[PDB]
Amino acid sequence: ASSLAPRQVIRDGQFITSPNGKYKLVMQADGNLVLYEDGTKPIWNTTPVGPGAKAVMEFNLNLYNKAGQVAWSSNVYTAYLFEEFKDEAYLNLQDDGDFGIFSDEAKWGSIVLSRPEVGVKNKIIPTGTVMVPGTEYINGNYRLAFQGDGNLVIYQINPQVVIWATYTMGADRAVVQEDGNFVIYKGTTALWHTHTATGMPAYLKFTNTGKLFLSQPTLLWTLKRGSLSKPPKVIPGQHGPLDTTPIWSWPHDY
Ligand SMILES: C[C@H]1O[C@H](O)[C@@H](O)[C@@H](O)[C@@H]1O
Ligand SMILES: C[C@H]1O[C@H](O)[C@@H](O)[C@@H](O)[C@@H]1O
Ligand SMILES: C[C@H]1O[C@H](O)[C@@H](O)[C@@H](O)[C@@H]1O
């Protein structure tokens, strides 16, 4: 895996790896968070905090000691750190060895939430996905289907219940676009879309509570570039056999 999911913990020699296999970020049993090149050359570290330590992705990437204190932190510059950000923010380790933190706000949703869903889990539908009639996605007791008849439907699986639909009869494709929009089409005719064309790539989240949201990557911080006041344009990365988060890369300079 090349990423860390919200709240993920790693410790005692657990690690992630850049898509190309060259860089590895390992939270060591001696409590040193270390970036390795080719498996053998360490090229960055926190330095060790000692045994019983751990690293957790919780808005910041935070290094804790046995005693439960934070010993090192990404120290991402934030207005507020709302507890819900810790449930949302994720990290990617990329092919030139940089790693960065994303915290993305929903741009669109099948429904408007009065407040965050506790312990919700998102099935990520990545930028560039083209759904074709017959495509479906399953998360818990819900199913997102792009149907033979062109409708995009969210069903509760057992018992079977329609929760939401677009009624885009005759659509032959739905595209999660690089420009930021999610668009259902017959041919080149857009029958329905989210109105989120920003030029920052889209991805979708399909929840285990029967909801769909579109977000776009908002890169806040990298190891090499520190905190970023404006999020740069990033590009879909190589989805891994299973990663749980979106995967991106970002340019080295301008
Ligand atoms: C699987 C679904 O596929 C069709 O497209 C639609 O009309 C439904 O009647 C059917 O249940
Ligand atoms: C929401 C419903 O809308 C249409 O009736 C058709 O696409 C069905 O299969 C679908 O379940
Ligand atoms: C509805 C249209 O909105 C934007 O122009 C762009 O996202 C197009 O691809 C889209 O189809």
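Just so it is clear, the values below take in all heavy atoms, side chains as well, and ignore hydrogens, waters and symmetry mates. Read the numbers this way: they start at 1 and go in the same order the structure lists the ligands and their atoms. Counting begins at 1 with the first residue of the sequence.
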State, to 0.1 Å, how close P48 and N32 come at their nearest heavy-atom pair, and which atoms those are. N-CG, 3.6 Å
Checking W250, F99, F102 against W221 for ring-ring contact (aromatic ring centres under 6.0 Å, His included), the one that qualifies is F99
Within this structure, what is the NZ-OH distance for the pair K211 and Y142, rounded to the nearest 0.5 Å? 6.5 Å
Number the atoms of ligand 3 from 1 as they appear, then name those within less than 4.0 Å of a heavy atom of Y185, with their elements. 8 (C), 9 (O), 10 (C), 11 (O)
Can you tell me which residues line ligand 1 if we count any heavy atom under 4.0 angstrom from one of its atoms, in chain and number order? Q147, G148, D149
More than 12 heavy atoms of other residues, nucleotides or ligands under 6.0 Å from CD of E117: is that the case? yes
Looking only at distance, does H193 have an N or O less than 3.5 Å from an N or O of ligand 3? no
Using the six-membered ring of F206, assess whether NZ or CZ of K123 lies under 6.0 Å from its centre and within 45 degrees of the ring axis. no
Is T46 reaching over with its side chain to a backbone N or O of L33, donor-acceptor style, under 3.5 angstrom? yes
Under 4.0 Å from a heavy atom of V183: which atoms of ligand 3 are those, numbered in the order shown and with their elements? 11 (O)
Would you say NZ of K233 has more than 12 non-hydrogen atoms from neighbouring residues, nucleotides or ligands within 6.0 angstrom? yes
